[PDB]
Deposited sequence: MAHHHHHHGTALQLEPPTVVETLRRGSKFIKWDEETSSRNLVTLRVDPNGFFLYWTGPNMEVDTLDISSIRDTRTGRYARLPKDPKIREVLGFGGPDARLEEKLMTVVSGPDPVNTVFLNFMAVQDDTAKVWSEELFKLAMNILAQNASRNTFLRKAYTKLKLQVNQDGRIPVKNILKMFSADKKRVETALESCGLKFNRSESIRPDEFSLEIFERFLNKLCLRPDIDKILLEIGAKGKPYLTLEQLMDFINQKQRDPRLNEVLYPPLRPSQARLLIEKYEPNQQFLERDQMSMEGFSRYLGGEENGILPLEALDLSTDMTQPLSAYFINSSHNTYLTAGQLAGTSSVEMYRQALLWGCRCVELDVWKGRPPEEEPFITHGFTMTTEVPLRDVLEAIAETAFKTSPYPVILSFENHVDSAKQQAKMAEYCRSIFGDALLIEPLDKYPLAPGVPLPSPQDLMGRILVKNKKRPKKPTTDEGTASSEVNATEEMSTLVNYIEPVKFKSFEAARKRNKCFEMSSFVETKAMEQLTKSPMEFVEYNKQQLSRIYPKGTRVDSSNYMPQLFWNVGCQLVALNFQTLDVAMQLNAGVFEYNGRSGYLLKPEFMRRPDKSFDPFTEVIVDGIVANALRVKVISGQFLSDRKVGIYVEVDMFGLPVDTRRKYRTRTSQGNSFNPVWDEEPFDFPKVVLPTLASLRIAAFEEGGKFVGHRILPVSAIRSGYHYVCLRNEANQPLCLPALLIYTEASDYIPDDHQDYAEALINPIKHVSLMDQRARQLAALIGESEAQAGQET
């Protein structure tokens, strides 16, 4: 049940709010609207200038208690306890957890903020919206130009120039060509700025020789048209994932091919003859059916009834920190940001409060970092834990606090703040005994599990240890000892370099350990500027809770945010079958394919890109793969483009990954960069789900938010793996009649000559 983003009539027609601010203490009455497609939240502020917030840039919406209150006495005088706070709405947007802008509104009408807060949140977290078609993102760009209008309601030409600021001389020529106004000083009537005319403008702006090359490839030398059969055969042969079953995923019928033409083909002459022109074909390529991924991968479609140890879990390290380890702010907000982003394991370094209050507070190992009270963090966790994901959240305490009284306070705080959500005693089905497996995420939906010692860190008391059950941390002796004990509720943490040691020396024992119990991994102390280790290193040996610094968006975190988007942003990813089964065992360092595991081969050819930079600069694209050490390559790179950034085309050889031993663990990273190294955008795609054929890859920022204009056209072939020597055998299994028919003919021809 993944419905598309729907904008209720209230949000369309609009509601009256007063937008206020704490910085400049500004107060302005505005009308909030959201466009029918749900792309932009937009309002008209001072005089008549139209402001827009991109909904995909929203990280959270808040109301009532959780809304940011006006502490300034001047603003508060214009407003006014319970009912005044009840109609507050705070919108939190930003490109990453650390860099968040807060926009505050208060409705004039009663219980309006409650609706707007909830409805914006649904639009923001909508899955189809974030994974929209290429065309839909171009329609979003169109919508922006139509909203951001001058005071007299017209679309100024300079906004169109700003949006495509690279080659502004070509932009003017395209505008002139459509009979539109093209001088910088003038503006266009919305009446006259049709979506069809916008599309016509984009076609005259960007010439597409790459799409011409593709039409000629697909049996159309008489090129301006393409028949129903040619289209259908193209979709069934080139655009289809060959790994998929013909029954589960049936091929396109001619009746369906017709419906595609009705949808995309603009020219009536081609439609009635059952054909598709370049304009229809170019539309289909960026359409809703020809996405690079299937909806199953993005949907919450994974089995969630397996034991907790059988999943990779999204994990944070010293969540509270916004920058470095030694110096910087400790934020309560970071807990909200992590949990909203799908993190299911957050770390709390609790310390002993001073004599007057004696309130436990969170901070780093008594460094030059600021402090935040524990009460506020727990309250922020409850607020956001199950907002984007219903599956359990583990609280990783690094408990100091060496006083029984403050220990009982924090245990009491957990009880009262979380309520029923806190798991305090074990479930009936899963007793804390030897041989009993860990409960499933399904069994623990909407539950807070505490992870703290019982009986460096400080010892526990009767109040704090009694909350611990399925996730008890213990000092790791060895894999021999863990196997001897046979207890799934015990777990151990590993510092990066100790985890690296066990990885290189006892990889297989580690995978066998992680079948039954949990292992958490965190970075070493040396990483004082909050650097991250490649998490893939330990996912390869089955480690579930690979913790990272969410404030730092290096490649490590980009990968983490990318892979955890899948399975409905639940925060849990199911491990490969052979890393979960007790009766199986493979070496993580295999250079050769494993029996029982279907390997894959991948072909990635980078064809072209669009609107990649806002200025004229050369661009190159990296194509990496992450997974097992054998599967990992990351030297592939296109030649830097010619200086073109509107529509650069690469005449490039394909990037082959001929043997993916364990594809269900393999993630392909496509990342675009300007000449000089500046990041443009990227995308993480699971190798097992990626489609074959020509597809647009709409790019994302470092934090995995979808960029609107930047996009790449790529050709892919993801097939099941076949070794060289054993290729003739494969062809015969796939089509045995042809082969056996030939052999039976040969024998039939020898009938007379053999005689007897």
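- In this chain the deposited sequence has gaps in the coordinates at 1-12, 93-96, 472-483, 785-793, listed in sequence order.
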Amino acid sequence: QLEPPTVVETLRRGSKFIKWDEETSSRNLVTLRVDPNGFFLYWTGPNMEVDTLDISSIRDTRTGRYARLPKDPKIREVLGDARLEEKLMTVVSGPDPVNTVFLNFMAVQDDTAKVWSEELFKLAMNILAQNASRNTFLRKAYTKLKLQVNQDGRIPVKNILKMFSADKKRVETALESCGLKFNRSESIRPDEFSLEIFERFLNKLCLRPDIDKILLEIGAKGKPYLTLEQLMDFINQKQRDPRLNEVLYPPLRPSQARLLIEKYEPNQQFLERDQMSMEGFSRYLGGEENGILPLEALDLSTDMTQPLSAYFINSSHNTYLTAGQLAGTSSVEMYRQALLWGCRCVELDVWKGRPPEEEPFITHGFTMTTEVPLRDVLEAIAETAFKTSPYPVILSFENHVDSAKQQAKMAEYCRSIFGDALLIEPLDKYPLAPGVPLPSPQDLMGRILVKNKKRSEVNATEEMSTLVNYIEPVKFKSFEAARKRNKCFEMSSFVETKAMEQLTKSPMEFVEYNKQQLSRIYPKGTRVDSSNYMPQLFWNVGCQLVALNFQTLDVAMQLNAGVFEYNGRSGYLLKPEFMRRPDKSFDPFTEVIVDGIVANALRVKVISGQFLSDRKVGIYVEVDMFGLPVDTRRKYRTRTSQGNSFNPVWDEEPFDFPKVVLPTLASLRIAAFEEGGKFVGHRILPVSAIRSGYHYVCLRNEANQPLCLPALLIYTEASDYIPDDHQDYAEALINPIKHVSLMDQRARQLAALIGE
From here on, numbers count along this sequence of modelled residues.
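- Look at the mean CA B-factor for 688-696 and for 65-73 in the entry; the higher one is 65-73.
- Looking at mean Cα B-factors across 732-740 and 18-26, the upper value is held by 18-26.
- Of all the options 521, 662, 374, 128, the entry's greatest CA B-factor is assigned to 374.
- The PDB entry gives the largest Cα B-factor of the residues 484, 683, 515, 344 to 484.
- Ranked by Cα temperature factor within the chain, residue 53 sits in the middle third according to the deposited record.
- Residue 118: CA B factor lies in the middle third for its chain, per the PDB record.
- Per the deposited record, the Cα B-factor of residue 168 falls in the highest third when ranked against the other modelled residues of its chain.
- Among all modelled residues in its chain, residue 249 ranks in the lowest third by Cα B-factor.
- In the PDB entry, a CA B factor belonging to the middle third of its chain's modelled residues is recorded for residue 322.
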